[PDB]
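Encoded as structure tokens, the following chain is the form deposited in one PDB entry, with no partner shown.
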């Protein structure tokens, strides 16, 4: 998957997840830029949607670390991807929606969705 294909895929998923959730464009932009308001309901839903559409969460919110690796190894070095997975794979959160926003927040420390567009 080329960087240009990932850019395009991200834009596509951002679009369909905005429509699915009704999130304000401003808040979607915040998420895309890596500023996640983890308590905001539509932010949570938008984050969940993007993760599910990449199959990183299954339909029952089972988290799949390999899905994160597949995407992130296009963007950062292999050891950093391992570090990311160890850092972000066991966030201490029982509420699946808050876990989804916290997951996107954690991954976004490494690369934000917006930053992919500059590559």
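Residue numbers count along the first chain shown, from 1.
This protein has a second form, the form solved in complex with a small molecule, left out of what is shown; the following refers to that one.
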ask   = Would the small molecule in the entry with it bound be within 4.5 angstroms of a non-hydrogen atom of every residue among 16, 23 and 43?
value = no
request  = Flag residue 75 as yes or no: does it have a non-hydrogen atom within 4.5 angstroms of any non-hydrogen atom of the small molecule in the entry with it bound?
outcome  = yes
task = Please check if residue 97 has a heavy atom lying within 4.5 Å of any heavy atom of the small molecule in the entry with it bound.
result = no
inquiry  = Using a 4.5 angstroms cut-off on non-hydrogen atoms, would residue 85 count as touching the small molecule in the entry with it bound?
reply    = no
Contact test in the entry with it bound: residue 38 vs the small molecule, heavy atoms, 4.5 Å = no
